[PDB]
Amino acid sequence: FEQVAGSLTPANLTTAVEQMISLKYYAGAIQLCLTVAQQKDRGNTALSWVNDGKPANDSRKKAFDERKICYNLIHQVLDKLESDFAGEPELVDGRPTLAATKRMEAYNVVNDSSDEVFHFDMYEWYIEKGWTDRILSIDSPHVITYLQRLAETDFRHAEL
Amino acid sequence: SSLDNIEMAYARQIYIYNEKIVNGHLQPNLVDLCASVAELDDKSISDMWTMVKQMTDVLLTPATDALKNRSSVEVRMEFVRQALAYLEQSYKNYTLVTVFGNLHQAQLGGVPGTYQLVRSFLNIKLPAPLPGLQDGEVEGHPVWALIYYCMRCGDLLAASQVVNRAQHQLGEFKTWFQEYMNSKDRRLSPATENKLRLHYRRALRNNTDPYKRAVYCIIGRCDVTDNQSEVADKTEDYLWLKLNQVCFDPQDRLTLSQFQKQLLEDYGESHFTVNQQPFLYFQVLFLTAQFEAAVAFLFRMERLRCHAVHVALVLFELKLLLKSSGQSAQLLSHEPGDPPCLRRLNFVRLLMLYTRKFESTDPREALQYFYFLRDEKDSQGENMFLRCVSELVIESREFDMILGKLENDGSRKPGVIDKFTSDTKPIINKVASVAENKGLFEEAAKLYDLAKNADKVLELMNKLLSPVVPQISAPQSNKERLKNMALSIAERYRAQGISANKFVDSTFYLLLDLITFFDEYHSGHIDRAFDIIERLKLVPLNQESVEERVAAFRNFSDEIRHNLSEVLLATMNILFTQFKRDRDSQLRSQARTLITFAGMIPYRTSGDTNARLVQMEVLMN
């Protein structure tokens, strides 16, 4: 799939991710989505379109939309992950379970990315789901700088 | 079924937890899903999960590595507090059942205040006054006994109330205790902590009031070697006594690393399992953050395998279990490049053992446990969950149930694995691949056909047909049972417009025509059978076609050249019969053609065949 990432259609990507999610292949699913996002836009037309305020009537929107379809599918993966392992312990008899390792392996792939539009989309997503747990614990300024632009705009963001 | 009542109930709970993650839902609390079955068993197991929940209910850093959370002094500190809160509450329940005969009995009358409970606890456990007590009594009980068992139950407030009614007797202990209750982490300031320790060490190192001794070095975390055996006679009283004495950054000091290592290294299982009570040791390891040790240990008790696997899963779905990178290691080990005080669990092996028991006749449940291995691979790159499904299908031979039965009408009823991944093309080939390597062609075809891999289906179907081409098709024979499946594959491959490369495909439909040629030949329908062979343009009948037909034989599949001998003879015997019934010249000419073709073709049994062909042509004339 990764070899033909740039050519994958939203219908084929969705079905693939769903099938991988059903087989507990969370990390893998996420890695495909990121790869597809980066291949449908190697010039980062999306990053500049967001850095320019998203001017309507511009034709980078398409490039941004094709990445947003990948990012949404990543949300579903992480969602289904916490769902599948709801009630499962992170440790058994001392060492980590298999359900725990898949959580770490998945979230690794996430924090191991250099896609910037992606990390913006994830900050917004964490805020949405209410995970002040993880967002306030990033450390990075990148998230501060991102908030500094969106603060005078929304109460919830300003509070963060 | 190989699953006991308890194990079965757990399987159902693990199916839910999987159904939730397979449909993307909320990640439910696994620890809660496991304690749901525990209540169906004796309280020996319920009180375990209670400890598991409270020991794992620590604020974590989601999406963080397992080793990092367990090495951080931040998390290691909260473990001690969660355990102390369990030992205190656990002891508080012991104090209730000691005063009231049943927890229900205590509840109906109302749980009394921790102070009045403790007082009603001292009445029983010391009916007569011990002559070595000090500092008088308070409302009919020694002041130090009340303070200890109140702190033991975890109600510092109840203990401080006792102090307030003995201000004159206790001396300066009031200002010290009031600081302990205020300061967090159950520690005093170094200055005041120094003032009391030196006082105790000065002239109270050996006091006739054991309760006084206990409280002082529980508040000052001193005299770590003295186990205060006068008051802490139970094992939980020891754990609780020490976890209130551990310290964090040289003399008369103990740390969690020393204590946790000191316990199992010097006083291993042998010391804590002489009373043949397994949970006692488990609680010692689990309430000291040594989760891998406790898991492996409890996993060896053949009666408690179920429980130890799940407490491992909980630690695994919480990024708290320390998995062993290498799969060739033992169940319990310490990585060479890690500190000696932590241990690692070979989680892959752990599940592999548990599964082998009920994987033979309970496949569905096995898969639910194999899923947790989805995030891991092996040295060869295969996905551990996928490989476990391959091995489980090769052994169990449960194809319709696990892989989905592809009926002969063109339907694919999904299997149990379809729930976990939608990309089922590789394993169906993996399972089909081995069964192909074991000469089980008739199965490898059904399996390859299940994955719509016509390149392999038709290949194998060519091998199964060639031997049976000239044979007699009789009811229930191996010809009917193979021809009828080949035709059920011809329709479904035409109605769906599927085909392999023309080499494999051409041969497959060619054999099907020949199988019809002999089925008509063996039935006596000579005219009808002659017409079929004529269409195929395989055997020349007019001298002009000999050159081209001979060249074609060179590049036709050997599954066809094999049966050339029987084709020539049947065709000859066909002309042979029609002769005994101008036309005579035409048959005579065709008879000749077959001979010259066979003469120029090197093939199977060309000796006996070429001779018989010539004899049958002579009788015609």
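Looking at the entry header, you'll see cryo-EM listed as the method and 37 Å as the resolution.

Going by the annotation in the PDB entry, the name recorded for chain B is NUP93 SOL, with Homo sapiens given as the source organism. In its PDB record the entry is named "Composite structure of the dilated human nuclear pore complex (NPC) symmetric core generated with a 37A in situ cryo-ET map of CD4+ T cell NPC".

Taking the PDB entry as the reference, chain A is identified by name as NUP155 belonging to Homo sapiens.

Draft legend 1. Region of interest: the overall build of chain A. The helix and strand inventory of chain A stands at nine helices and two strands. Going residue by residue from the N terminus, the α and β elements of chain A occur as α-α-α-α-β-β-α-α-α-α-α. The globule rule puts the C-alpha radius of gyration for 160 residues at 15 Å, and the 17 Å found for chain A is close to it. Looking at chain A as a whole, 51% of its 160 residues qualify as buried. For chain A, the proportion of contacts with a sequence separation of at least 24, taken over those separated by at least 6, is 60%. In the structure as shown, chain A presents an accessible area of about 7400 Å², 48% of it carried by carbon and sulfur atoms.

Draft legend 2. Structural view of the overall build of chain B. A tally of helices and strands in chain B yields 34 helices and six strands. For 621 residues, the compact-globule estimate of 2.2 N^0.38 gives 25 Å, and the C-alpha radius of gyration of chain B, at 41 Å, exceeds that figure by more than 25%. Principal axes of the C-alpha set define a box for chain B whose edges measure 140 × 50 × 40 Å. Out of the 621 residues in chain B, the part that is buried amounts to 51%. Seen as two clouds, the 74 positive and the 78 negative side-chain charges of chain B have centres 2 Å apart.

Draft legend 3. Examining the state of the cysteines more closely. All names here are of chain B. One pass over the structure, following the stated rule, counts one disulfide over all chains. Not part of a disulfide, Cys-247 finds its nearest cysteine sulfur in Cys-222, a span of 12 Å. Overall, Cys-247 belongs to the buried group, its relative accessible area being 14%. Of all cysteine sulfurs, the one in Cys-34 lies closest to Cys-388, which takes part in no disulfide; the gap is 20 Å. Of the residues examined, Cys-388 reaches a relative accessible area of 3% and is grouped as buried.

Draft legend 4. Quick peek at the interface of chain A and chain B. Taken residue by residue, the interface counts 42 residues in chain A and 80 residues in chain B. Note on chain A versus chain B: buried area summed over both sides is about 3500 Å², and carbon and sulfur give 51% of it. Considering only the side of chain A, the residues that lose the most area to chain B are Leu23(A), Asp93(A) and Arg95(A), jointly responsible for 20% of the buried surface there. The tally of links between chain A and chain B comes to two salt bridges. A salt bridge links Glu292(B) to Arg95(A), with the shortest nitrogen-to-oxygen separation between them at 4.0 Å. Where the side of chain A that touches chain B is concerned, the elements lending two or more residues are α1 (10-22), α4 (61-84), β1 (90-92), β2 (95-96) and α5 (98-111) of chain A.

Draft legend 5. Structural detail: the pattern of salt bridges. All names here are of chain B. Per the counting criterion, the structure on display carries 51 salt bridges over all chains. Note that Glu-436 and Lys-456 form a salt bridge whose closest N and O atoms lie 2.6 Å from each other. Separated by 20 residues along the polypeptide, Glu-436 in helix α24 (residues 425-437) and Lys-456 in helix α26 (residues 454-465) bring together distant segments of the chain. The partner of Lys-483 in a salt bridge is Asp-519, with the nearest N and O atoms 2.9 Å apart. Taken together, the residues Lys-483 in helix α27 (residues 478-495) and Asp-519 in helix α28 (residues 502-521) connect sequence positions 36 residues apart. For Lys-483, a relative accessible area of 18% translates into the label buried. Classification of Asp-519 as buried rests on a relative accessible area of 16%.

Draft legend 6. The nonpolar core, seen in detail. By size, the foremost hydrophobic cluster in this structure holds 259 residues, and its most contacted members are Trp49(B), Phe372(B) and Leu403(B). The element contributing the most residues to this core is α28(B), with 11 residues.

Draft legend 7. Spatial organisation of the side chain of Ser22(A). With respect to the secondary-structure elements, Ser22(A) resides in helix α1. Within polar-contact distance, the side chain of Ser22(A) engages the backbone oxygen of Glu18(A) at 3.0 Å. For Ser22(A), the side chain forms a polar contact with the main-chain oxygen of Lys419(B), separated by 3.0 Å. Excluding anything up to four places from it in sequence, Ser22(A) contacts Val22(B), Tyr371(B), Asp418(B), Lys419(B), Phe420(B) and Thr421(B).

Draft legend 8. Seen up close, a nonpolar patch on the surface. Side chains of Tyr94(B), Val97(B) and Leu103(B) sit close together on the surface and give an oily, nonpolar patch of about 250 Å² of accessible area. Mapped onto the secondary structure, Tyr94(B) falls in helix α5 (residues 73-99).

Draft legend 9. Just the packing of helix α6 (residues 116-129) of chain A against helix α8 (residues 142-150) of chain A, in detail. Residues and elements named next belong to chain A. For the pair α6 and α8, interaxial distance at closest approach is 11 Å and the crossing angle is 70°. Of the possible angle classes, the one that applies to α6 and α8 is roughly perpendicular. Contacts from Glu-116, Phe-120, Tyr-123 and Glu-124 of α6 reach α8 at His-142, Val-143 and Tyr-146. When its residues are assigned to classes, the contact of α6 with α8 shows four nonpolar, one polar and two charged.

Draft legend 10. Layout of the packing of aromatic side chains. For the structure on display, the rule yields 40 aromatic pairs over all chains. Between the aromatic rings of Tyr149(B) and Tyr211(B), the centroid separation amounts to 5.5 Å while the plane-to-plane angle is 55°, which identifies the pairing as tilted. Linking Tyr149(B) in helix α8 (residues 143-153) with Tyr211(B) in helix α13 (residues 210-219), this pair joins segments that are 62 residues apart in sequence. Residue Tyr149(B) shares its accessibility class with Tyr211(B), and that shared class is buried. Over the ring of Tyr371(B) we find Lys24(A); its NZ or CZ atom is 2.4 Å from the centre of that ring. The ring centre of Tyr107(A) lies 4.6 Å from the NZ or CZ of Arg134(A), which sits over that ring.

Draft legend 11. Summary view of the packing of helix α2 (residues 30-38) of chain B against helix α3 (residues 43-56) of chain B. Residues and elements named next belong to chain B. At a minimum axis distance of 9 Å, the contact between α2 and α3 shows a crossing angle of 165°. Taken together, α2 and α3 sit at an angle that is classed as roughly antiparallel. In this structure, α2 crosses over α3, and the sense of that crossing is left-handed. From α2, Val-31, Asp-32, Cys-34, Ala-35 and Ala-38 reach across to α3, where they touch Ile-45, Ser-46, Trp-49, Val-52 and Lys-53.

Rules and cut-offs
- Residues numbered from 1 in each chain as written, not as in the entry; some residues may be left out.
- Chains lettered and ligands numbered in written order.
- Part of a larger assembly, values for the part shown.
- Heavy atoms only, no water.
- Helix = DSSP H or I, 4+ residues; strand = E, 2+ residues; numbered from the N terminus.
- Rg over C-alpha atoms; globule rule 2.2 N^0.38 Å.
- Buried < 20%, exposed > 50% of the residue type's maximum accessible area, 1.4 Å probe, protein only.
- Contact = heavy atoms within 4.5 Å.
- Areas by Shrake-Rupley, 256 points an atom, 1.4 Å probe, with all protein chains shown as cover.
- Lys, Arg positive; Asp, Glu negative; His and termini not counted.
- Charge placed at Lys NZ, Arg CZ, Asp CG, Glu CD.
- Disulfide = S-S within 2.5 Å.
- Buried area = accessible area lost by both parts, 1.4 Å probe.
- Salt bridge = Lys/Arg side-chain N within 4 Å of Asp/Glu carboxyl O.
- Core = buried A, V, L, I, M, F, W, Y, C linked by side-chain atoms within 4.5 Å.
- Polar contact = N/O pair within 3.5 Å; in protein donor to acceptor, adjacent residues only side chain to side chain.
- Patch = residues over 30% accessible without salt bridge, like charges linked within 9 Å, V, L, I, M, F, W, Y side chains within 5 Å.
- Axes fitted to C-alpha atoms, helices over the stretch in contact; angles between N-to-C directions.
- Parallel < 35°, antiparallel > 145°, perpendicular 65-115°, else oblique.
- Nonpolar A, V, L, I, M, F, W, Y, C, P; charged D, E, K, R; others polar.
- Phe/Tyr/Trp six-rings, centres within 6.5 Å; stacked < 30°, edge-to-face > 60°.
- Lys NZ or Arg CZ within 6 Å of the ring centre and 35° of its normal.
- Left-handed = near helix turned anticlockwise from the far one by under 90°.

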